[PDB]
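These protein sequences, in sequence, are chains A, B, C and D. Counting from 18, one number per residue, gives the positions in the first sequence under the working numbering. Counting from 18, one number per residue, gives the positions in the second sequence under the working numbering. Counting from 18, one number per residue, gives the positions in the third sequence under the working numbering. Counting from 8, one number per residue, gives the positions in the fourth sequence under the working numbering. Read through the structure below, which is laid out as structure tokens, and then see the notes.
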Amino acid sequence: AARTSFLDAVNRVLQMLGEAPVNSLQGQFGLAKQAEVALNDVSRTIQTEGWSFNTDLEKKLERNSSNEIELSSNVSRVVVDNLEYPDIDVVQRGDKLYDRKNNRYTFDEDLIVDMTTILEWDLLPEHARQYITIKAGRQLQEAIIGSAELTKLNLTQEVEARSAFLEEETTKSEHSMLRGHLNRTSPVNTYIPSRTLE
Amino acid sequence: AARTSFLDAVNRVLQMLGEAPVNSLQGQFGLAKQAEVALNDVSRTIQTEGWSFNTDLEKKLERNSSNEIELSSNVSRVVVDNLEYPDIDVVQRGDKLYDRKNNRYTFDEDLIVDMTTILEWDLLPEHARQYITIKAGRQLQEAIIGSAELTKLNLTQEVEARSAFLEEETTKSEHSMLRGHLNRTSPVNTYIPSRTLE
Amino acid sequence: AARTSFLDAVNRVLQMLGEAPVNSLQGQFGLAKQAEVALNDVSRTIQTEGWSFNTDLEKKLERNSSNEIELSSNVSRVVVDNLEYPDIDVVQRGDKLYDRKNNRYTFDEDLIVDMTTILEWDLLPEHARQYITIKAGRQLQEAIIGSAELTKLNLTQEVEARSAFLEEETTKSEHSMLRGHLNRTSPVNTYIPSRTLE
Amino acid sequence: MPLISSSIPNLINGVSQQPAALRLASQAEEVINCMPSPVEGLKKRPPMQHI
């Protein structure tokens, strides 16, 4: 029983809309285009927020011959630590970083940043796939049909799916408060006041 | 999956309205032009507030021969520092500044102001694009059809989108209360009270 | 993307009303006259209250050959400080100032007053333009059609616009309580307790 | 916004040239090679044989 595929997700979205399942995706003669665009848009909307499975740490960026930083096509957000660079303030603009404080598009040295990428469908994990599918189906039905009872049922299912996805994310990636900013290499032992008293 | 483009945003607005998708954007024969107009209007409405990605600090402004300050066609707001300029306070009027204390349109030297610019669709970051898309879709649907339950649903989606956008902005920019007004260079270490106790 | 113009404002008002957008303003064959009169009336109603972008400080007034103070025709209100002049109580009456305490229309010397002016549409800033447009649209629809759901939608939109306009005004005008009456030149430093404890 | 529906009872009323705002909604617009009958509705026309 392998992981969910794109065709299975499209079939689930159509079924939640209330139509008959479709055979394939290629050269379809049905709603495959609408299902595909809905799934892609919801995937992008979920990914652009930034989670633990699509974020890189302390990645180096290299400038071009004109001292200008150009991002890739699928870079959603770029964060620069303030304390490390007290004289430079950057904000993403289109596909180039912008030196907000000095009002320049040029830099003096390479940077160490942490960026969030948007991933293709094939590379997503299972819980992300589930949440994406359910949210896309709800959005498509709400925009297309607009009935009442179907909207209620989709609302309940979406709430349950969001709860499950958030719980899975947090138990996988073990967020903590003592460690503080994650860019610091872990000095924490998280010793357990619940065990060693005997 | 790249960042949202103009054609994708137009198709999304049309789909939210509930009408068939379009093929391109040039030489079309539908409501795509009205969707474009609504997108531009909502973009202007959102950008005229002043956020992290479209504000330039410490910017220096230059005067013309007749001792006047002229602004570009896409400048939304300017702020001068009261502490830095005690005897002169300015308020924007059209494309020129007015020294409201001295009742003159003429200044004596140059100014160092904070400037907010209205940007084109290309330079906008992802979260701003998403918020703009959803808001424009809701407004256009209300203007065209005029339902109430549809407005309720779009209000729910807009509230969720605004929450996501605000969370993204406050995670990106890293605002603070200790630092005070940001025109002063950061002397704060924000030394962590939590970890370094072992 | 320049600022909003009169034609865009009337198009927005008509769109809020629910009609088809109109092309021009001159020699129109639609609701252009009603939309224009609503926009002008709402602009005057908003401007007569007195804000930070249309007020002149310590302006000097000059009497005529008969010791009469004649105002311009677009002067909304005139305020004279009581402490400075302890023997005259002046109130506006039509276009000339009246001495309430002494029951005379004649003065003895020129005055230093704070007066408010009504600005034309061209000179207004962006937030004022936005708020004026939305309020005028709501008023016209309410007085012309009078339906229910349209009224509630316009109510929600107007509430949001008012919130945005007020916030923009306050952050642009940095009102304070320690400074006291703004007529005095700033002796304040607003020494922040947030910063200098290290 | 009520999301509401109707139905077309019969398809056996042929072609009309009137403007769309004055017709019975039953009436069609273009009919070719159909044999509308009241015993089985709309169907493809019978074939033509050779002698």
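Every residue, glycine too, gets a C-beta built ideally from N, C-alpha and C.
Closer than 8 Å to chain A by CB, residue i
i: residue 192 of chain B; result: no
i: residue 74 of chain B; result: yes
i: residue 216 of chain B; result: Residue 216 of chain B is absent from the structure shown; chain B starts at 18 and stops at 215.
i: residue 183 of chain B; result: no
i: residue 209 of chain B; result: yes
i: residue 140 of chain B; result: yes
i: residue 101 of chain B; result: no
i: residue 186 of chain B; result: no
i: residue 126 of chain B; result: no
i: residue 143 of chain B; result: yes
Below-8 Å beta-carbon distance, residue i vs any chain C residue
i: residue 180 of chain B; result: no
i: residue 94 of chain B; result: yes
i: residue 123 of chain B; result: no
i: residue 44 of chain B; result: no
i: residue 66 of chain B; result: yes
i: residue 81 of chain B; result: no
i: residue 69 of chain B; result: no
Proximity test, Cβ basis, 8 Å: residue i and chain B
i: residue 212 of chain A; result: no
i: residue 137 of chain A; result: yes
i: residue 58 of chain A; result: yes
i: residue 197 of chain A; result: yes
i: residue 62 of chain A; result: yes
i: residue 40 of chain A; result: no
i: residue 205 of chain A; result: yes
i: residue 200 of chain A; result: no
i: residue 84 of chain A; result: no
Chain-order list of residues whose beta-carbon lies under 7 Å from that of residue i (same chain, five-residue window excluded)
i: residue 17 of chain D; result: 33
i: residue 71 of chain B; result: 64, 133, 134, 136
i: residue 108 of chain B; result: 115, 117
i: residue 32 of chain C; result: 38
i: residue 190 of chain A; result: 69
i: residue 42 of chain D; result: 50, 52, 53
i: residue 79 of chain C; result: 127
Neighbourhood of residue i by C-beta distance below 8 Å, restricted to the same chain and skipping five residues each side
i: residue 148 of chain A; result: 63, 178, 179, 181, 182
i: residue 175 of chain A; result: 151, 152, 155
i: residue 172 of chain A; result: 155
i: residue 199 of chain A; result: 74
i: residue 167 of chain A; result: 35, 158
i: residue 94 of chain A; result: 65, 67, 109, 132, 133
i: residue 20 of chain D; result: 31, 33, 34, 35, 43
Own chain, CB closer than 6 Å to residue i, minus 5 neighbours either side, in chain order
i: residue 21 of chain A; result: 146
i: residue 23 of chain A; result: 138
i: residue 143 of chain A; result: 20
i: residue 60 of chain B; result: 149
i: residue 195 of chain A; result: 205
i: residue 164 of chain C; result: none
Proximity test, residue i beta-carbon vs the ligand NAD heavy atom, cut-off 7 Å
i: residue 64 of chain B; result: This structure lacks the ligand NAD; in fact it carries no ligand of any kind.
query: Is the number of C-beta pairs between the segment 113 to 132 of chain C and the segment 70 to 88 of chain C that are closer than 8 Å three or more?
result: The segment 113 to 132 of chain C makes contact with the segment 70 to 88 of chain C, as at least three CB pairs between them are under 8 Å.
- request: Only counting runs of 3 or more residues, tell me where the beta strand (DSSP E) segments fall wholly within the segment 94 to 133 of chain A, in order along the chain.
  value: For the beta strand (DSSP E) assignment, the uninterrupted runs of no fewer than 3 residues enclosed by the segment 94 to 133 of chain A are, from N- to C-terminal side, 107 to 110, 113 to 116.
message: As an exercise, report each continuous beta strand (DSSP E) stretch of at least 3 residues that is fully enclosed by the segment 135 to 193 of chain B, in chain order.
response: Qualifying beta strand (DSSP E) stretches: none in this window.
message: So if I threshold CB-CB distances at 7 Å, which residues from the segment 104 to 117 of chain A count as touching chain B?
response: Within the segment 104 to 117 of chain A, the qualifying residues are 108, 109, 110, 111, 117.
query: Would the segment 42 to 49 of chain B and the segment 19 to 27 of chain B be scored as touching if the rule is three or more Cβ pairs under 8 Å?
result: Output reads yes: the segment 19 to 27 of chain B touches the segment 42 to 49 of chain B.
query: Which runs of the alpha helix (DSSP H) fall wholly inside the segment 41 to 69 of chain B and span at least 4 residues, in chain order?
result: Runs of the alpha helix (DSSP H) lying entirely within the segment 41 to 69 of chain B and spanning at least 4 residues, in chain order: 49 to 64.
field: Three or more C-beta pairs below 8 Å linking the segment 76 to 84 of chain B and the segment 110 to 127 of chain B
entry: With the rule of 3 Cβ pairs closer than 8 Å, the segment 76 to 84 of chain B counts as touching the segment 110 to 127 of chain B.
Against chain A: residues of the segment 149 to 170 of chain B by CB proximity under 8 Å: Per Cβ criterion, the list reads 166, 167, 170.
- prompt: Is the segment 199 to 209 of chain C in contact with the segment 91 to 109 of chain B, if contact means three or more CB pairs nearer than 8 Å?
  reply: Output reads yes: the segment 91 to 109 of chain B touches the segment 199 to 209 of chain C.
- prompt: Closer than 8 Å, Cβ to any Cβ of chain A: which residues of the segment 18 to 36 of chain B, in chain order?
  reply: The residues in question are 18, 19, 20, 21, 25, 28, 29, 32, 33, 35.
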